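Structure first, commentary second.
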There are 6 protein chains.
Amino acid sequence: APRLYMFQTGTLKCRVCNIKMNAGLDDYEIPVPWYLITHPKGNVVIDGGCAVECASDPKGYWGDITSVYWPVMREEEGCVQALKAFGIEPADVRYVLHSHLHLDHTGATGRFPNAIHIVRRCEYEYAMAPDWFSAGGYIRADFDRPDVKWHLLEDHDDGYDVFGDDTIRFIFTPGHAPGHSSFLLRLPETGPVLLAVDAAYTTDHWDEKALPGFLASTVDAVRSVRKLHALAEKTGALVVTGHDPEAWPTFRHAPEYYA
Amino acid sequence: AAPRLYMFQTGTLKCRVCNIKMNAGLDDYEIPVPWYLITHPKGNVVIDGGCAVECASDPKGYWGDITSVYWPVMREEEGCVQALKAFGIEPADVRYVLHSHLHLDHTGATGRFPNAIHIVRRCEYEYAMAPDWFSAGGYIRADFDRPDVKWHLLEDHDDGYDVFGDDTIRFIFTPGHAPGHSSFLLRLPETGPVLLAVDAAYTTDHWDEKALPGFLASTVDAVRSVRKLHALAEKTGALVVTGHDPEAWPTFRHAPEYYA
Amino acid sequence: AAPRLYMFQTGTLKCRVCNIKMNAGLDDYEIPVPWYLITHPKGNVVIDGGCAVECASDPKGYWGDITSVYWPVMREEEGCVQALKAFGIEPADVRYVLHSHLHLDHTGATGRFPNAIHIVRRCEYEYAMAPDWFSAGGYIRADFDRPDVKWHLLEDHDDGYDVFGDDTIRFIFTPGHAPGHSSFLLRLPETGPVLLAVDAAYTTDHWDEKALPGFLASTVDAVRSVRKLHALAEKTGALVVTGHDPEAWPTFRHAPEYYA
Amino acid sequence: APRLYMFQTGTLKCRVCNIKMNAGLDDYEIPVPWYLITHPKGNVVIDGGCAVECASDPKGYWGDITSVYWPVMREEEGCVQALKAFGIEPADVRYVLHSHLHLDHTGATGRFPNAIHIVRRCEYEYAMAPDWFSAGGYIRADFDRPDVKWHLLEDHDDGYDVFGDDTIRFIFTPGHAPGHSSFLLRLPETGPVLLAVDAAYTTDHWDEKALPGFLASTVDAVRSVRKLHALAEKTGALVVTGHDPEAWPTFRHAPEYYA
Amino acid sequence: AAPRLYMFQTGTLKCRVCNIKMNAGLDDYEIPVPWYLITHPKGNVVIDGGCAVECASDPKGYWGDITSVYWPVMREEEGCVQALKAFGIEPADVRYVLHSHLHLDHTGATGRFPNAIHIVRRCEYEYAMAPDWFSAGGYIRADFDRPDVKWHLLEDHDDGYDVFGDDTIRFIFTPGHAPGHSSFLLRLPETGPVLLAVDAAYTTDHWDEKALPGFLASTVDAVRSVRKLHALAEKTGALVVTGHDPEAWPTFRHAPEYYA
Amino acid sequence: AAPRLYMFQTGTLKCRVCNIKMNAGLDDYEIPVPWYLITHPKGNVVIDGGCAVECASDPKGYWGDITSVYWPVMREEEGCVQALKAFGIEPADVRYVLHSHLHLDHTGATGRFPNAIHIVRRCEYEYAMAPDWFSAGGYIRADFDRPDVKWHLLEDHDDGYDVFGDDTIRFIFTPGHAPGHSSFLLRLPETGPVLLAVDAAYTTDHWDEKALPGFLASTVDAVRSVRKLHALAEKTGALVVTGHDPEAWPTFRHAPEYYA
Ligand SMILES: [Mg+2]
Ligand SMILES: [Mg+2]
Ligand code: NI
Ligand code: NI
Ligand code: NI
Ligand code: NI
Ligand code: NI
Ligand code: NI
Ligand code: NI
Ligand code: NI
Ligand code: NI
Ligand code: NI
Ligand code: NI
Ligand code: NI
């Protein structure tokens with residue numbers, strides 16, 4: 001039976017305004033979650049956090065964007081390492097899902113030899129040809145690898161059911177990034193779980209008290225949040241924002257899980 | 001008389017730096033609120049018209065809660081109708097009102113000129129009537145939602161729209177800061193090309209890609225619109241006029257002076 | 001309790017035949033104004049809610065000049081809130097208000113149920129806020145332009161939207177009569193499939209392609225929407241309920257009777 | 001130097017409501033104009049009115065649509081005949097322009113052996129695959145001829161300048177028909193002349209006192225009329241509605257012309 | 001009863017390799033022309049129906065010049081009406097005709113079944129009526145341009161269209177080979193999922209990205225549609241049936257044998 | 001001074017007929033690789049610049065596997081920087097580089113001119129960065145994926161883009177061969193209009209609708225783009241220059257000769 005595990009690749013250090021737009025220049029620290037769904041029909045990694053390379057050399061691997069987001073993580077938090085110690089070898093992952101292709105969500109890309117990588121086509125196309133303000137957040141070393149098998153979703157694919165059994169669905173949430181997608185999970189005991197990811201960074205974004213401090217479209221972003229509100233209200237899902245420092249310790253992590 | 005360009009202002013706006021340059025801190029910041037008059041043999045043209053004259057006496061009553069972000073400082077004589085009357089132009093003597101977009105500091109002219117055709121992008125007019133929560137406070141329905149206003153709502157294929165058909169005023173569509181935002185390319189007999197960026201490029205910093213708009217509908221569109229204006233300025237050699245730049249603004253002639 | 005469908009009406013509308021069947025002459029014509037209640041274990045659902053209860057006492061004051069086309073005849077007890085209270089349902093006990101579209105005889109419920117999420121197509125909400133001259137009179141801003149209404153604005157890819165996730169109420173997008181017009185496919189335990197065409201098909205004549213809507217945004221869309229509903233009814237075997245048909249309307253059970 | 005000639009192929013008999021939507025069932029009669037622009041670089045026919053075949057047998061050629069529009073015309077009014085007596089043989093026409101492909105505007109189609117026929121692509125595509133309510137107004141015998149040379153305009157072609165000299169421009173006016181187009185002419189002495197064609201049947205449509213009694217989209221139709229208002233106000237053009245029975249005798253017809 | 005899938009063919013087509021595998025040389029090449037029958041408790045379904053029976057006895061007369069590209073080798077008794085009659089199904093007992101697209105070897109069924117609703121993408125029907133010169137010869141108007149035919153034209157948001165509403169037969173939109181081309185995902189009780197790629201992948205080489213269609217509207221759509229079907233097959237474990245593969249065709253069950 | 005057009009070539013490409021004329025057989029075939037210089041008072045313009053100079057001396061090393069389709073036969077001195085230097089133009093004296101598209105034989109100029117603004121359709125640039133498997137080998141990232149390069153990316157509504165604003169050089173959008181492919185209409189004082197079709201029509205057979213492109217993104221776009229150019233040539237009386245025609249290429253003037 002399927003289970004959800006919440007991991008993290010350490011934290012990112014930045015300023016408040018990078019997360020809550022225009023909220024000032026104070027220091028601010030957020031967890032970097034990523035997810036594992038163990039399913040009878042194959043294992044699934046979502047995003048996989050920051051590249052394990054960031055543990056030993058952020059400036060080398062990420063480059064000048066470390067001026068904005070400084071990652072704090074240990075080697076053992078790298079998604080491949082974390083899965084091994086958990087009992088899952090790289091070859092044992094059937095799918096990698098990508099909410100989007102920003103730097104702290106492409107740690108899994110190409111690190112699982114048989115995994116099909118599912119992302120919206122327009123995120124993939126934007127990641128390859130970004131504008132100047134967002135180029136720094138796309139790490140080509142992660143996602144620009146010719147060996148990666150991609151399933152690029154189209155606009156009709158909103159709601160894409162990974163296994164065909166309502167366990168994992170893509171919920172398109174454009175705004176934070178062009179092809180950004182959220183995920184709605186249904187687990188046997190827990191029921192519906194809504195992973196907003198970066199469609200709603202924090203509880204304040206969810207409550208319409210802040211805007212994303214980094215975004216492609218504000219119009220899309222706020223409409224995507226209200227799309228998630230309606231989905232939460234309809235399903236009764238448990239809502240997981242993408243990075244909320246206050247809410248994050250209140251979820252089960254680590255070896256603990258949702259069934 | 002050959003066409004001329006007159007730069008007016010409706011006082012200033014007081015906000016924070018981050019409202020203009022995204023994520024740039026909460027320090028106090030004050031900007032001029034420019035608006036433009038083009039006198040033309042075939043009719044006088046008002047662009048936007050600045051903040052409603054009502055803001056000179058009761059900003060909180062007329063704009064409401066948004067004044068905690070943008071406090072307008074202006075005198076009553078700076079209202080666009082009053083300013084034009086002092087300058088020599090009666091309200092009925094305006095043929096066109098052009099709108100870059102329909103935000104609160106660009107709708108002081110809407111409906112104040114009884115014979116003017118108001119030209120704005122259709123998608124701006126529609127968004128102004130049905131904004132999202134993050135922008136609703138920047139659209140003052142009392143300004144632009146008036147039943148007897150004649151509108152010419154431009155369509156997507158109307159980029160480059162030529163007001164008089166003589167190349168002297170063209171709409172340059174620049175989406176991003178607002179969905180239907182438009183800039184203007186003017187051509188004047190002596191000055192030559194003048195590019196009014198309006199809110200496509202708040203400041204010289206925005207033009208130089210050292211800052212993002214701290215109030216916008218689409219970042220992707222906004223950065224691409226600035227590069228579209230880079231190319232136009234490089235092609236035409238235009239004098240580039242940013243929307244609000246507090247340091248550049250004193251370097252331009254202001255009404256009663258003009259650009260020939 | 002298993003879900004049920006209750007058919008109410010807010011009296012009738014008096015117009016001409018040509019307003020309903022395009023170009024069919026200027027004879028007097030009267031139609032019922034139906035609206036629908038779905039009682040459901042997970043929450044009660046109101047569809048449209050008919051003409052505003054205000055029309056029972058002052059139609060000219062509330063609707064204005066459009067009453068020379070559509071005169072509403074209704075009693076105050078037929079207002080949707082009043083009718084639901086008499087039937088046993090307090091205004092706070094409504095989870096969803098669904099809107100086929102936002103025309104004047106389909107917005108009596110908007111904002112009258114303080115806890116309801118209102119579900120309508122985004123493009124209908126936007127058109128209602130910025131209509132064209134030929135349709136502006138059919139949209140009553142006092143009904144739908146209320147600040148504290150919670151809206152869930154459906155997108156283009158939301159065709160088939162399932163309200164409870166259990167197949168019992170689905171939006172069937174049917175553009176044409178209005179830009180964001182939607183029909184509804186209901187599934188009930190005993191009755192089975194019920195297709196509420198609403199204004200996609202005013203009458204049996206419209207359904208049979210012997211008449212066009214005498215008030216529409218797009219004929220092309222409207223005829224294709226009727227054929228989309230033909231296919232749905234053929235696939236599902238649904239009971240087909242037209243929007244206003246004065247001859248078919250007496251043949252359905254009306255509240256307090258219901259479809260199980 | 002270029003000149004404009006206003007011809008007509010008799011009249012159509014119908015009901016008021018067919019022209020002014022919902023205006024009642026009274027009898028009503030309208031002229032069917034078509035246009036000739038003589039230009040140094042080639043002659044141009046616009047639409048060409050009703051098929052000459054309609055003079056002798058409407059029911060045979062148009063079919064059941066004659067229940068709605070009964071054409072009253074003489075053989076000699078057929079655009080080919082009219083041009084011959086005027087001094088222009090079929091081969092001497094360089095372009096046929098089509099506002100749209102309805103029955104009373106396809107009399108020229110294929111009747112000029114060397115003419116390129118310019119129409120919006122989407123009108124051509126709709127004419128080939130109409131819906132049930134509009135099929136009767138598309139006469140395939142006119143426009144479905146394999147020998148016809150077509151230039152199908154695209155959406156970017158709004159404003160299409162036929163000769164490249166501002167003499168004749170297409171002004172796209174969707175609404176009455178999907179690909180319906182109006183024409184703005186500039187003549188040396190007359191100046192700007194705006195042929196609305198069926199974007200505004202009558203002076204009442206122009207003044208927003210009526211809607212087209214036959215249309216693909218009302219939203220498009222009214223916005224197309226306001227597009228023409230702005231164009232008339234900007235240029236000072238002389239406005240020619242498509243069928244106005246009261247205004248039609250006030251224009252020059254016949255051998256008379258606009259220079 | 002449970003549904004069944006039967007695979008028929010209307011003989012073969014002779015052409016060159018390059019016609020099927022773009023730019024692969026001028027050697028002679030021969031492919032079967034499959035079509036499909038699904039028996040279903042709620043009605044019989046014919047998919048495409050192969051080449052018209054009329055072209056068996058006079059290819060040049062019914063198809064014209066295109067026969068210099070595709071020579072159909074086919075007996076009269078392989079016509080889809082004749083084959084079905086022999087199989088036990090009179091033309092009146094077919095509820096739906098599904099069209100992958102409207103090319104000449106997929107319109108033998110059109111209008112031959114008097115009561116059948118024909119389901120195809122709207123944009124294929126519209127393209128078939130107004131094709132470009134390179135594709136015009138591939139559309140046989142005598143097959144599909146019949147006014148007596150009942151069509152259900154699917155819109156762009158109808159991808160995945162479920163014919164009976166029970167997951168047995170779904171349209172899988174696969175643009176590229178033709179603008180409105182569609183594949184089919186079937187689900188059968190014993191066999192499980194069956195993916196009829198039809199002309200989205202002519203042969204196994206196409207499936208494996210070693211060839212492009214030698215006749216096609218959009219290469220970009222075509223290759224992405226093949227990858228869409230890859231992901232569907234990998235997700236479902238479907239039996240993959242290419243449209244024409246001569247080496248694979250003998251390995252499937254053909255009527256009178258079936259898939260249950 | 002008046003503008004002039006000079007026609008250069010970077011040698012030839014060897015391939016098969018079918019590569020240029022779809023499905024026309026596997027015989028050997030050889031085509032020139034033209035590129036263009038326009039001298040203009042306001043600056044020099046290079047169009048495409050042919051095959052990269054790097055591939056003259058090591059084709060497999062710079063182009064990789066695609067050389068098994070296109071073998072470039074080219075001397076180092078035919079590289080566009082070397083040719084221009086010999087002609088009298090240092091790389092710093094080129095104001096604009098225009099790209100018909102970003103295929104391997106049209107990106108020899110990219111980033112070789114330090115001060116040049118590169119003008120290409122946005123959708124060609126985006127496709128070149130994320131191409132499909134069938135086209136990936138045709139895009140040489142070492143040519144166009146250089147961060148030092150100044151791009152002006154044209155939007156969909158930029159068809160007809162006038163480089164100097166004086167009708168000398170205009171982009172004529174011709175999708176099909178590549179998604180963002182563009183042709184060029186030049187106007188020169190003595191010669192008059194010159195239509196550079198580039199890869200919208202490889203050869204005269206393509207122009208005459210006797211062949212399809214053997215490499216292409218959309219056949220439908222391709223054939224309609226050829227007809228768009230037909231109507232432009234018929235309207236303007238332009239000299240029509242196909243992209244590669246081996247029989248027509250010797251009949252044009254080549255550098256050092258020019259068109260005035
Ligand atoms: Mg355009
Ligand atoms: Mg959809
Ligand atoms: Ni992100
Ligand atoms: Ni993030
Ligand atoms: Ni603004
Ligand atoms: Ni402003
Ligand atoms: Ni209605
Ligand atoms: Ni109604
Ligand atoms: Ni007409
Ligand atoms: Ni007409
Ligand atoms: Ni085919
Ligand atoms: Ni086939
Ligand atoms: Ni090429
Ligand atoms: Ni080439």
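Residue names in the structure tokens use chain letters A, B, ... in the order shown, residue numbers from 1 in each chain, and ligand numbers from 1 in the order shown.
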Taking only C-alpha atoms and all ligand atoms and a cut-off of 8 Å, can you tell me which residues surround ligand 13, written as a ChimeraX atom specification? /F:101-106,138,177-178,199,215-216
Could you tell me, counting only C-alpha atoms and all ligand atoms, which protein and nucleic acid residues lie no more than 12 Å from ligand 5, written as a VMD selection string? chain B and resid 13 19 to 20 33 to 34 48 50 to 51 70 99 to 107 124 128 135 137 to 139 174 to 183 197 to 202 213 to 217 222 243 to 244
Writer output for current selection, N, CA and C atoms, as a tab-separated table (two decimals), in the first residue's frame:
chain	number	residue	atom	x	y	z
B	13	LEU	N	4.06	60.90	-5.54
B	13	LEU	CA	3.59	59.77	-4.74
B	13	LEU	C	4.65	59.41	-3.70
B	19	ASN	N	8.10	49.15	-3.43
B	19	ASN	CA	6.95	49.28	-4.33
B	19	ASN	C	7.38	49.60	-5.76
B	20	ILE	N	8.49	50.32	-5.94
B	20	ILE	CA	9.00	50.67	-7.26
B	20	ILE	C	10.05	49.68	-7.75
B	33	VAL	N	4.63	62.19	-10.44
B	33	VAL	CA	3.58	61.55	-11.23
B	33	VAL	C	3.40	62.31	-12.54
B	34	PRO	N	4.16	61.97	-13.58
B	34	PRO	CA	4.06	62.69	-14.85
B	34	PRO	C	2.79	62.34	-15.62
B	48	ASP	N	-3.11	59.85	-20.06
B	48	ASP	CA	-3.36	59.49	-18.66
B	48	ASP	C	-3.92	60.60	-17.79
B	50	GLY	N	-2.50	61.82	-14.94
B	50	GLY	CA	-2.08	61.81	-13.55
B	50	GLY	C	-3.13	61.36	-12.54
B	51	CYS	N	-2.91	61.74	-11.28
B	51	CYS	CA	-3.84	61.38	-10.21
B	51	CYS	C	-5.07	62.26	-10.28
B	70	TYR	N	0.42	54.13	-1.44
B	70	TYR	CA	0.72	55.30	-2.26
B	70	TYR	C	-0.06	56.47	-1.68
B	99	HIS	N	-4.50	56.17	-22.81
B	99	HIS	CA	-4.17	55.56	-21.52
B	99	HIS	C	-3.09	54.52	-21.68
B	100	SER	N	-1.95	54.75	-21.02
B	100	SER	CA	-0.93	53.70	-20.92
B	100	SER	C	-1.51	52.46	-20.24
B	101	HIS	N	-2.24	52.67	-19.15
B	101	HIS	CA	-2.95	51.63	-18.42
B	101	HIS	C	-3.92	52.36	-17.49
B	102	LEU	N	-4.64	51.60	-16.66
B	102	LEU	CA	-5.73	52.22	-15.91
B	102	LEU	C	-5.48	52.24	-14.40
B	103	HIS	N	-4.22	52.18	-13.97
B	103	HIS	CA	-3.88	52.33	-12.55
B	103	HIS	C	-4.21	53.74	-12.04
B	104	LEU	N	-4.29	53.84	-10.71
B	104	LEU	CA	-4.83	55.02	-10.03
B	104	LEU	C	-4.10	56.32	-10.38
B	105	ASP	N	-2.80	56.28	-10.68
B	105	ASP	CA	-2.11	57.53	-10.97
B	105	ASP	C	-2.02	57.80	-12.47
B	106	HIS	N	-2.87	57.13	-13.26
B	106	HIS	CA	-2.94	57.32	-14.70
B	106	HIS	C	-4.38	57.46	-15.19
B	107	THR	N	-5.34	57.75	-14.31
B	107	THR	CA	-6.74	57.86	-14.72
B	107	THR	C	-7.36	59.18	-14.29
B	124	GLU	N	-6.63	45.78	-21.06
B	124	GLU	CA	-6.50	46.61	-19.85
B	124	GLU	C	-7.85	47.03	-19.31
B	128	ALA	N	-9.15	45.94	-15.69
B	128	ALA	CA	-9.51	46.99	-14.73
B	128	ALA	C	-10.90	46.76	-14.16
B	135	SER	N	-4.33	43.43	-7.15
B	135	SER	CA	-4.27	44.67	-7.90
B	135	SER	C	-5.54	45.50	-7.81
B	137	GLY	N	-6.93	47.29	-5.67
B	137	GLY	CA	-6.80	48.61	-5.06
B	137	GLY	C	-6.13	49.64	-5.95
B	138	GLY	N	-5.43	49.20	-6.99
B	138	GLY	CA	-4.82	50.13	-7.91
B	138	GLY	C	-5.72	50.63	-9.02
B	139	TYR	N	-6.96	50.16	-9.10
B	139	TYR	CA	-7.91	50.59	-10.12
B	139	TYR	C	-9.06	51.33	-9.44
B	174	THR	N	3.41	47.16	-24.28
B	174	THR	CA	4.46	46.72	-23.36
B	174	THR	C	3.81	46.03	-22.16
B	175	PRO	N	3.26	44.82	-22.36
B	175	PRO	CA	2.60	44.12	-21.26
B	175	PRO	C	3.59	43.77	-20.16
B	176	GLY	N	3.04	43.58	-18.96
B	176	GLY	CA	3.84	43.09	-17.85
B	176	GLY	C	3.54	43.83	-16.56
B	177	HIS	N	3.82	45.13	-16.55
B	177	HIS	CA	3.49	45.91	-15.37
B	177	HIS	C	1.99	45.87	-15.11
B	178	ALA	N	1.19	45.93	-16.16
B	178	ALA	CA	-0.24	45.65	-16.12
B	178	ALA	C	-0.57	44.89	-17.40
B	179	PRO	N	-1.66	44.13	-17.41
B	179	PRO	CA	-1.91	43.27	-18.59
B	179	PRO	C	-1.99	44.05	-19.89
B	180	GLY	N	-2.62	45.22	-19.88
B	180	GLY	CA	-2.81	45.98	-21.10
B	180	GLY	C	-1.92	47.20	-21.17
B	181	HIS	N	-0.78	47.17	-20.48
B	181	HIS	CA	0.05	48.36	-20.44
B	181	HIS	C	0.62	48.67	-21.82
B	182	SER	N	0.61	49.95	-22.15
B	182	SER	CA	1.18	50.42	-23.40
B	182	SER	C	2.11	51.59	-23.14
B	183	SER	N	3.23	51.62	-23.87
B	183	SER	CA	4.12	52.77	-23.93
B	183	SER	C	3.79	53.60	-25.17
B	197	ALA	N	8.25	55.56	-21.91
B	197	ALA	CA	8.13	54.19	-21.42
B	197	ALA	C	6.94	54.02	-20.48
B	198	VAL	N	6.51	55.10	-19.81
B	198	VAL	CA	5.54	55.06	-18.71
B	198	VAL	C	5.95	53.94	-17.75
B	199	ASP	N	5.00	53.12	-17.29
B	199	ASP	CA	5.31	52.14	-16.26
B	199	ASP	C	5.93	50.85	-16.79
B	200	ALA	N	6.25	50.77	-18.08
B	200	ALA	CA	7.06	49.64	-18.52
B	200	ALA	C	8.45	49.69	-17.91
B	201	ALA	N	8.91	50.88	-17.51
B	201	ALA	CA	10.24	51.07	-16.95
B	201	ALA	C	10.11	52.26	-15.98
B	202	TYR	N	9.79	51.93	-14.73
B	202	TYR	CA	9.66	52.92	-13.65
B	202	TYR	C	10.84	53.88	-13.61
B	213	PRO	N	9.92	45.70	-11.53
B	213	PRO	CA	8.79	46.49	-11.00
B	213	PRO	C	8.26	45.87	-9.72
B	214	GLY	N	8.12	46.69	-8.68
B	214	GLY	CA	7.57	46.21	-7.43
B	214	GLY	C	6.07	46.08	-7.41
B	215	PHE	N	5.42	46.37	-8.53
B	215	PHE	CA	3.98	46.13	-8.73
B	215	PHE	C	3.81	45.68	-10.17
B	216	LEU	N	3.42	44.42	-10.39
B	216	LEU	CA	3.36	43.92	-11.75
B	216	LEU	C	2.36	42.78	-11.87
B	217	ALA	N	1.90	42.55	-13.10
B	217	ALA	CA	1.06	41.41	-13.43
B	217	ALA	C	1.86	40.21	-13.94
B	222	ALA	N	7.11	41.66	-18.42
B	222	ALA	CA	7.70	42.96	-18.10
B	222	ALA	C	9.15	43.04	-18.57
B	243	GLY	N	9.18	56.09	-16.50
B	243	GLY	CA	7.88	56.44	-15.96
B	243	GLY	C	7.91	57.45	-14.83
B	244	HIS	N	8.82	57.25	-13.86
B	244	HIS	CA	8.78	57.99	-12.61
B	244	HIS	C	10.16	58.42	-12.10
Near chain E, which residues of chain C fall within 9 Å when you count only C-alpha atoms, and what do they look like as an NGL selection string? :C and (156-157 or 159 or 224 or 227-228 or 230-231 or 235-236)
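Considering only C-alpha atoms, the residue among A:159, A:113, A:130, A:236 positioned nearest to chain F is A:130.
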Which chain E residues are at most 12 Å from chain D (counting only C-alpha atoms), as a ChimeraX atom specification? /E:122-133,136,141,145,147,151,153
Please check which protein, DNA or RNA residues sit within 8 Å of ligand 4, counting only C-alpha atoms and all ligand atoms, and write them as a PyMOL selection string. chain A and resi 32+102-105+197-198+201+242-243
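The interatomic distance for the pair CA of residue 25 in chain E and CA of residue 210 in chain F works out to 17.8 Å.
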What's around range 71-78 of chain D at 9 Å? Count only C-alpha atoms, leave out sequence neighbours fewer than 6 positions away in its own chain, and write the answer as a VMD selection string. chain D and resid 7 to 13 48 to 56 58 85 104 107 to 108
Mind writing the picked residues with N, CA and C atoms as an mmCIF file, in the first residue's frame?
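selection35.cif, freshly written:
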data_model
loop_
_atom_site.group_PDB
_atom_site.id
_atom_site.type_symbol
_atom_site.label_atom_id
_atom_site.label_comp_id
_atom_site.auth_asym_id
_atom_site.auth_seq_id
_atom_site.Cartn_x
_atom_site.Cartn_y
_atom_site.Cartn_z
ATOM 1 N N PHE D 7 -21.865 49.546 -58.243
ATOM 2 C CA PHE D 7 -22.881 48.815 -58.984
ATOM 3 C C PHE D 7 -23.863 48.185 -58.002
ATOM 4 N N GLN D 8 -24.850 47.473 -58.548
ATOM 5 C CA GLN D 8 -25.715 46.618 -57.750
ATOM 6 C C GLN D 8 -26.273 45.514 -58.636
ATOM 7 N N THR D 9 -26.537 44.359 -58.027
ATOM 8 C CA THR D 9 -27.232 43.251 -58.691
ATOM 9 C C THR D 9 -28.656 43.215 -58.148
ATOM 10 N N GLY D 10 -29.466 44.173 -58.592
ATOM 11 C CA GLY D 10 -30.861 44.207 -58.193
ATOM 12 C C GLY D 10 -31.009 44.295 -56.688
ATOM 13 N N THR D 11 -32.026 43.613 -56.171
ATOM 14 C CA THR D 11 -32.380 43.677 -54.765
ATOM 15 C C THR D 11 -32.613 42.279 -54.211
ATOM 16 N N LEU D 12 -32.661 42.207 -52.881
ATOM 17 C CA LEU D 12 -33.112 41.035 -52.143
ATOM 18 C C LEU D 12 -34.401 41.390 -51.422
ATOM 19 N N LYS D 13 -35.383 40.499 -51.483
ATOM 20 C CA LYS D 13 -36.630 40.662 -50.743
ATOM 21 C C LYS D 13 -36.610 39.724 -49.544
ATOM 22 N N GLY D 48 -18.981 41.252 -56.200
ATOM 23 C CA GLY D 48 -19.707 41.058 -57.438
ATOM 24 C C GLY D 48 -21.171 40.700 -57.292
ATOM 25 N N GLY D 49 -21.754 40.867 -56.101
ATOM 26 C CA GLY D 49 -23.184 40.700 -55.918
ATOM 27 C C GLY D 49 -23.678 39.260 -56.022
ATOM 28 N N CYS D 50 -24.959 39.127 -56.369
ATOM 29 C CA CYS D 50 -25.563 37.815 -56.548
ATOM 30 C C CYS D 50 -25.160 37.223 -57.892
ATOM 31 N N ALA D 51 -25.056 35.896 -57.922
ATOM 32 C CA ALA D 51 -24.744 35.187 -59.159
ATOM 33 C C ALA D 51 -25.726 35.555 -60.271
ATOM 34 N N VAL D 52 -25.194 35.762 -61.480
ATOM 35 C CA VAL D 52 -26.038 36.121 -62.620
ATOM 36 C C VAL D 52 -27.109 35.062 -62.849
ATOM 37 N N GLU D 53 -26.799 33.801 -62.524
ATOM 38 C CA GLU D 53 -27.771 32.711 -62.581
ATOM 39 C C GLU D 53 -29.059 33.040 -61.829
ATOM 40 N N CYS D 54 -28.981 33.895 -60.802
ATOM 41 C CA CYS D 54 -30.161 34.258 -60.020
ATOM 42 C C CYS D 54 -31.169 35.060 -60.827
ATOM 43 N N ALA D 55 -30.744 35.666 -61.937
ATOM 44 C CA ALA D 55 -31.688 36.417 -62.755
ATOM 45 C C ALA D 55 -32.749 35.501 -63.345
ATOM 46 N N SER D 56 -32.346 34.329 -63.823
ATOM 47 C CA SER D 56 -33.260 33.428 -64.512
ATOM 48 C C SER D 56 -33.820 32.329 -63.621
ATOM 49 N N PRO D 58 -33.527 31.622 -59.471
ATOM 50 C CA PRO D 58 -33.052 31.583 -58.070
ATOM 51 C C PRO D 58 -33.241 30.229 -57.387
ATOM 52 N N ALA D 85 -20.419 45.635 -70.891
ATOM 53 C CA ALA D 85 -21.058 46.870 -71.335
ATOM 54 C C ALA D 85 -20.337 48.109 -70.810
ATOM 55 N N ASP D 104 -24.942 36.637 -51.669
ATOM 56 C CA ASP D 104 -25.019 37.876 -52.423
ATOM 57 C C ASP D 104 -23.673 38.588 -52.542
ATOM 58 N N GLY D 107 -20.938 36.467 -56.501
ATOM 59 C CA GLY D 107 -21.244 36.491 -57.921
ATOM 60 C C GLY D 107 -20.022 36.622 -58.813
ATOM 61 N N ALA D 108 -18.935 37.195 -58.300
ATOM 62 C CA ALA D 108 -17.718 37.341 -59.095
ATOM 63 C C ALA D 108 -16.827 36.101 -59.091
#
Just asking: which residues within range 23-216 of chain F are strand (DSSP E or B) according to DSSP, as an MDAnalysis selection string? chainID F and resid 28:39 44:47 71:73 94:98 117:121 150:154 162 169:173 182:188 192:198 213
Enumerate the residues of range 69-137 of chain E with a DSSP assignment of alpha helix (DSSP H), computed from the backbone, and present them as number ranges by chain. E: 80-87, 122-129, 133-136
Pick out the residues sitting within 12 Å of residue 75 in chain F, and hand them over as a PyMOL selection string; count only C-alpha atoms, and ignore anything fewer than 5 positions along from it in its own chain. chain F and resi 9-12+51-59+80+82-83
